[PDB]
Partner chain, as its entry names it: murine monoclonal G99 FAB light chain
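As structure tokens, one chain now follows by itself in the form solved without the partner chain.
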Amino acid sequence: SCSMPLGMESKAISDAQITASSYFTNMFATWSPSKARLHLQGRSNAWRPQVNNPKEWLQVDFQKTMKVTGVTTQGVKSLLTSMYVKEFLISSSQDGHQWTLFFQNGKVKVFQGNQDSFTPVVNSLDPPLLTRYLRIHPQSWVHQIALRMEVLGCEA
């Protein structure tokens, strides 16, 4: 009863609500944070950071506190090239300035992500995370960091 998609795919979460540490742009494509939407199609249809390293992150601002019970991630296949995140961390904030890593079994939880560029993977957050802001922190990837995502949950 608390697993509704919050609005990445539907665009109920607007472009302005999605930001990142950096993003990759060249003459071919512009992989801006607001392209990180589950199942999005087109030339520029995922977020990619400017460099591939675990210092990079993607942020969503719900604009109020929500109850988050899962995240869904997907990579992207750009032309003939596969790109996906294999493992990631999650951090959260109410105020947008002080952040907390999501913990499980005594330590920072390393979420197991994708195994291809096109199939979604759902990761449960238990206990649920009550938060206004979410950040995803890629830790390992195939070829390049690329993400499309959805957030699952309900009202706080």
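Positions refer to the first chain, counted from 1.
Another form, the form deposited with the partner chain bound, is not on view; read the next lines as being about it.
Undergrad: Given the partner chain in the deposited complex, answer whether the residues 61, 65 and 94 all have a heavy atom inside 4.5 Å of it.
TA: Result no, not one residue of the spot touches the partner chain.
Undergrad: Answer yes if any heavy atom of residue 51 is within 4.5 Å of a heavy atom of the partner chain in the deposited complex; otherwise answer no.
TA: Yes.
Undergrad: Scan 16 to 44 and note down the residues that get a heavy atom within 4.5 Å of the partner chain in the deposited complex; none is a fine answer too.
TA: Just 22.
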